[PDB]
Amino acid sequence: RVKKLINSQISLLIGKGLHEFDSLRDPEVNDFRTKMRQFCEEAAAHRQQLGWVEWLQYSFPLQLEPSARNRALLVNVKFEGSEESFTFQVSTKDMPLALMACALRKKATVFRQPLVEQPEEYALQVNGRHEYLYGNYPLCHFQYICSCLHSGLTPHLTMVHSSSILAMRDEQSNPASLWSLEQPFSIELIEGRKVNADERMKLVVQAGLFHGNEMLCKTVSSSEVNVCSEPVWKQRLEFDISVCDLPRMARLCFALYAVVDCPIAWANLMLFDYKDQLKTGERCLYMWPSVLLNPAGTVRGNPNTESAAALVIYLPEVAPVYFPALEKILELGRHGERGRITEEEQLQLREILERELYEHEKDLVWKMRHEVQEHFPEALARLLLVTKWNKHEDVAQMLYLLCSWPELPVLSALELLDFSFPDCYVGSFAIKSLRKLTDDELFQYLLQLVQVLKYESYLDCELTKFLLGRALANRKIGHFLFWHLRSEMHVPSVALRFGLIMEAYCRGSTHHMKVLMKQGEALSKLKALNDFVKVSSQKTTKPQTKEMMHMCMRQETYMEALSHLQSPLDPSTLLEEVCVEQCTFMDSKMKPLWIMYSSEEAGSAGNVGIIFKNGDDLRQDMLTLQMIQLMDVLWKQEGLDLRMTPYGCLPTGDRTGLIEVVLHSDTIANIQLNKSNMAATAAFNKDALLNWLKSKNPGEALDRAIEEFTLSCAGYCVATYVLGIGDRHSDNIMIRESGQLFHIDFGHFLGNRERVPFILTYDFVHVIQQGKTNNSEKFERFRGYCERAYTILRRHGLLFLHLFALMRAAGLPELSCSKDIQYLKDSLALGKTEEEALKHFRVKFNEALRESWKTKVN
Ligand SMILES: COc1ncc(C2=CCOCC2)cc1S(=O)(=O)Nc1cncc(C#CCN2CCN(C(C)C)CC2)c1
């Protein structure tokens with residue numbers, strides 16, 4: 001009775017009927033669903049018995065300042081079921097417990113009674129948010145308390161008792177031998193079906209065996225056969241590699257095309273199956289349309305069988321042959337010769353492991369494999385790349401050393417997740433080194449780890465199991481894992497994989513399924529409302545379309561679907577009462593909607609907005625914003641706060657997503673229109689930005705507003721330089737009423753292919769110099785902020801390179817080659833010393849200042 005309801009709710013949420021999984025009749029698919037349902041149900045049961053503070057860590061994980069991983073402060077505290085409140089002055093050095101004990105002493109006098117309840121029995125909720133303050137941390141270490149200190153504002157907190165937290169826990173419960181086959185590997189290319197090509201040309205089928213990116217042997221080609229719907233070959237394609245040497249993760253890649261170079265289609269398959277057995281019999285390869293051989297592409301067929309070209313191939317029977325077990329492998333690898341040559345050979349080893357290498361260096365690194373294991377364990381990735389994956393004796397010797405390799409730092413593990421390391425044991429070892437990842441680090445890299453699933457050869461994998469277990473133990477990780485997979489359900493290549501992961505997650509959290517369905521319902525109404533706006537705007541004037549939008553939002557179905565929800569941009573932010581009168585849309589092509597919200601419980605923190613966008617792909621905006629946010633995190637860990645504005649951006653479906661509204665901000669273009677009869681009207685357009693800051697920050701407040709601008713300007717000058725974000729104009733640069741500058745519209749990065757120089761804009765130099773023509777004291781403090789920021793990022797150059805390497809899996813047009821990653825290597829000057837990189841940065845900066853002065857001359 002309940003299972004039918006749950007299965008139908010899951011189908012609605014994931015945007016794919018669960019019947020379609022059963023209809024495929026695939027054992028791998030069914031075994032993933034049964035095994036992952038059990039694993040996710042175990043996590044759910046574990047959770048229901050968690051202690052009330054452990055339930056807070058699951059649902060409301062702490063939001064701390066990067067540096068946390070004296071001064072007076074006025075706090076307002078109320079109790080859960082109360083109307084009255086208490087305002088008291090505490091210190092930024094005090095912990096929540098002291099503030100809770102202070103709230104209980106203020107309440108004991110108000111209610112004339114010695115209280116039984118101790119501070120230890122409570123937690124402090126941020127008013128109107130899914131956010132809590134708890135644990136041994138001083139108040140200023142929390143992100144909510146710190147943001148309140150900058151904005152001037154007073155924190156509003158609520159004392160929630162343990163019994164009420166336990167009641168939430170309960171309300172949210174889930175309802176009640178291969179090595180003896182030395183023959184050569186070969187296949188039979190039988191025929192092709194539904195093929196479309198120019199009849200003047202001839203069809204060719206190119207095939208190659210790969211272990212990730214490297215070929216296990218040279219490619220082979222079919223005999224040229226005349227173009228037609230059903231081409232027929234019936235021929236053996238013999239590859240030079242023994243069937244016994246085929247590594248476990250070997251994949252046979254296909255490419256059909258026409259020749260006189262006209263690509264048609266590609267398809268890949270794993271030579272071994274998910275249960276480790278060698279593949280035999282006939283296989284029908286439903287091909288993917290091209291734009292030659294594509295190894296990184298999926299190893300599963302195009303689900304569109306009614307229109308896809310299908311290559312028919314035969315995998316011959318070499319004898320049921322499974323891949324040897326790890327004990328057989330470790331026995332074979334247990335025998336070898338160790339490294340034993342002079343300190344002059346070890347000097348060459350030490351030089352090449354601390355600096356792409358020549359063939360004699362590969363023979364040196366492999367010979368000294370035992371010494372790299374014990375004296376340079378972090379060089380595992382170099383050694384794995386020199387390993388001959390096309391010789392089974394060499395794979396067993398490598399796996400023997402890997403099986404007792406010490407756990408590596410997170411930075412090294414993020415490299416091992418790359419597609420250039422397709423061995424399952426290597427991936428398993430990499431995941432083992434990532435378990436020590438804090439929920440905050442995991443969240444930071446969650447987008448990349450989701451893309452790595454696209455490289456996975458099989459459905460059931462250590463990465464999937466790891467991502468699902470971290471999602472079920474932290475509701476914020478769960479929320480974003482769901483949205484990263486949900487937003488890709490319109491992509492045929494990942495819909496099966498992602499749909500199965502979301503169904504499994506849903507088995508672990510039935511309550512959270514209902515929470516996300518409530519978000520999905522709101523996004524449906526937003527698509528329909530946006531569609532109406534697009535239509536109405538091409539016929540009537542903006543005021544008339546805005547009121548028609550408001551009339552549509554005012555219907556019961558819209559008011560119910562759009563209110564009282566968790567923000568998909570941030571589960572801590574509750575979107576309560578939609579303020580229809582404040583809602584509007586922009587005039588650009590896709591007419592993005594601005595939906596305004598408010599909450600009487602939250603006060604000023606409940607006044608939030610979201611932007612629904614349908615028509616543009618938001619993946620790259622998100623990635624760029626996340627990179628900027630990573631920068632701000634890294635700068636803050638070195639004590640450098642550059643007043644960044646990392647607003648949320650989240651794709652949610654096909655060319656659909658949400659952007660977070662940053663209120664009290666306008667574009668440079670709108671400020672520079674120099675409207676008549678304003679608090680900012682100027683004698684010279686050069687003054688407009690500075691007059692606008694003066695109007696927003698009167699008297700003594702201007703000084704701090706100018707410093708906010710300088711700091712954020714320095715951060716964005718460096719961030720856009722490093723990331724090669726060009727096409728910067730006055731309409732994609734915004735400024736906050738506090739002085740903070742930020743960037744929007746990230747359609748182009750990594751120089752995509754010009755080399756984006758450092759940009760210094762005169763208008764911003766004029767604000768930095770406080771309105772003065774010459775102000776070296778203010779200008780050079782800004783060049784210092786730029787230099788500190790640049791030099792802190794270079795020290796993390798490998799973290800950006802590893803993260804961007806994992807991102808090549810996303811299929812982003814401006815992030816699909818070594819040329820794109822090369823761009824960051826140049827911008828961060830990673831091939832140089834710090835002194836040399838700083839001189840090059842100064843020369844880039846001085847060139848930007850000279851360019852800025854071509855506008856200052858006129
Ligand atoms: C790429 O799209 C976006 N990215 C970030 C924001 C973000 C914008 C701000 O928050 C951060 C993200 C907004 C958009 S958008 O889709 O809205 N397009 C867009 C383009 N160029 C400029 C703008 C303005 C603006 C200034 N606003 C003044 C106040 N106005 C009110 C009265 C409704 C709305 C327009 C708006």
Side-chain angles (χ1 to χ4, degrees), residues 147 151 523 526-527 529-530 533-534 537 542-543 545-547 549-550 553 567-570 573 575 578-598 607-629 632 643-652 655-673 675 678-680 688-689 692 695-696 708 712 715-716 719-720 723 725-749 814:
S147 91
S151 80
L523 291 164
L526 291 163
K527 161 61 174 165
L529 185 77
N530 207 167
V533 159
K534 291 174 182 225
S537 67
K542 177 109 173 288
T545 313
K546 205 172 111 132
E547 302 317 312
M549 174 199 187
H550 290 183
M553 293 182 84
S567 184
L569 287 156
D570 186 2
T573 290
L575 303 190
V578 40
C579 305
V580 177
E581 208 68 35
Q582 284 189 237
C583 309
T584 184
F585 61 92
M586 315 295 296
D587 297 324
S588 59
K589 195 178 175 198
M590 312 301 188
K591 315 290 170 203
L593 307 179
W594 282 54
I595 307 300
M596 309 305 313
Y597 282 99
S598 63
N607 294 1
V608 294
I610 65 168
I611 307 142
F612 179 78
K613 290 192 71 126
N614 168 230
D616 295 316
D617 174 28
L618 300 187
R619 294 182 298 148
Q620 213 176 280
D621 269 81
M622 170 176 56
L623 167 57
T624 310
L625 283 157
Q626 283 199 23
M627 286 301 171
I628 290 170
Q629 200 241 291
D632 181 59
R643 318 299 310 128
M644 305 299 278
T645 306
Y647 58 87
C649 181
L650 178 74
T652 54
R655 286 156 59 197
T656 299
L658 287 185
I659 300 165
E660 170 192 10
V661 171
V662 163
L663 296 160
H664 313 301
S665 69
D666 216 336
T667 60
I668 298 294
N670 284 341
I671 297 160
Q672 294 186 322
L673 291 162
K675 272 192 298 180
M678 305 311 271
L689 235 190
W692 181 92
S695 69
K696 305 301 186 189
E708 290 292 284
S712 60
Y716 283 102
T720 53
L723 306 180
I725 300 161
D727 204 30
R728 293 295 95 198
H729 24 94
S730 63
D731 39 59
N732 51 34
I733 306 171
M734 309 196 66
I735 185 176
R736 301 227 236 171
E737 291 178 10
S738 59
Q740 293 167 84
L741 177 143
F742 67 96
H743 291 239
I744 68 161
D745 206 24
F746 299 121
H748 306 275
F749 79 174
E814 301 179 36

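Starting from 1, each residue takes its place in the sequence as its number. Counting starts at 1 for both ligands and their atoms, in listed order. What's counted below: heavy atoms across the whole structure, side chains too, no hydrogens, waters or symmetry copies.
Using a 4.0 Å threshold on non-hydrogen atoms, atom 36 (C) of ligand 1 counts as touching the protein. Within a 4.0 Å radius of atom 32 (C) of ligand 1, the protein has no heavy atom.
The minimum heavy-atom distance linking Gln672 with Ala688 is given by the pair CA-CB, 4.5 Å. Here the shortest heavy-atom pairing between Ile725 and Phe749 reads CG1-CB, 3.8 Å. Looking at every heavy atom in both residues, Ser665 comes nearest to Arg736 through CB-CA, 4.0 Å. Shortest non-hydrogen contact noted between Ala719 and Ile628 is CB-CG1, 4.1 Å.
Only the backbone of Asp731 comes within contact range of ligand 1, with a heavy atom under 4.0 Å; no side-chain atom does.
At the top of the distance list for atom 11 (C) of ligand 1, counting protein heavy atoms only, stands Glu660 O, 3.4 Å. When hydrogens are left out, the protein atom nearest atom 20 (C) of ligand 1 is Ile744 CD1, 3.9 Å; that is the closest non-hydrogen contact. Atom 26 (C) of ligand 1 has its closest protein heavy atom at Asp666 OD1, 3.4 Å. Of the protein's heavy atoms, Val662 N, 2.8 Å lies nearest to atom 10 (O) of ligand 1. Counting only heavy atoms of the protein, atom 13 (C) of ligand 1 lies nearest to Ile611 CD1, 3.7 Å. With respect to atom 3 (C) of ligand 1, the closest heavy atom belonging to the protein is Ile659 CD1, 3.6 Å. In terms of protein heavy atoms, atom 29 (C) of ligand 1 is closest to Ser665 O, 4.4 Å. The nearest protein atom to atom 23 (C) of ligand 1, hydrogens excluded, is given as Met586 CE, 3.8 Å; this is a heavy-atom distance.
Ligand 1 has an N or O atom lying under 3.5 Å from an N or O atom of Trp594, backbone or side chain. Ligand 1 has a nitrogen or oxygen under 3.5 angstrom from a nitrogen or oxygen of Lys613.
Between the side chain of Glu708 and the backbone N or O of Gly739, no donor-acceptor pair lies under 3.5 Å.
Counting atoms of ligand 1 from 1 in the listed order, those under 4.0 Å from a heavy atom of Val661 are 10 (O). Interface atoms of ligand 1 facing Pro592, defined by a heavy-atom separation under 4.0 Å, are 16 (O). Short contacts between ligand 1 and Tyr647, defined as distances under 4.0 Å to a heavy atom of the residue, involve ligand atoms 5 (C), 11 (C), 12 (C). Each of the atoms 33 (C) of ligand 1 lies under 4.0 Å from some heavy atom of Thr584.
Across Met734, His664, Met590, heavy-atom proximity to atom 25 (C) of ligand 1 is greatest for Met734. Summarising the contacts of atom 22 (C) of ligand 1 with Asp587, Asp621, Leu663, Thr667, the nearest heavy atom is found in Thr667.
By the 4.0 Å heavy-atom criterion, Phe742 is counted among the residues contacting ligand 1.
Under a cut-off of 6.0 angstrom, the local environment of CZ in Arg728 is crowded, with over 12 non-hydrogen atoms contributed by other residues, nucleotides or ligands. Heavy-atom contacts from other residues, nucleotides or ligands closer than 6.0 Å to NE2 of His664 number 12 or fewer.
A cation-pi geometry, defined here as NZ or CZ lying under 6.0 Å from the six-membered ring centre and within 45° of its normal, holds between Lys542 and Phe585.
When the options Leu650, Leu625, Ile611 are evaluated for a side-chain contact (heavy atoms from CB on, under 4.5 Å) with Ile659, the one that passes is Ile611.
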key: Test side-chain hydrogen bond (donor to acceptor under 3.5 Å, both in side chains) applied to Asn614 and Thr656, step by step   = CA-CA 4 Å; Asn614 168 230; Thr656 299; 3.1 Å; yes
query = Can you check side chain to side chain contact (heavy atoms under 4.5 Å, CB included) on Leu593 and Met549, steps first, answer last?
reply = CA-CA 10 Å; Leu593 307 179; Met549 174 199 187; 3.9 Å; yes
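Legend: residues meeting salt bridge (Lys or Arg N to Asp or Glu O under 4.0 Å) with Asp621, ordered by chain and number and at least two apart, are absent.
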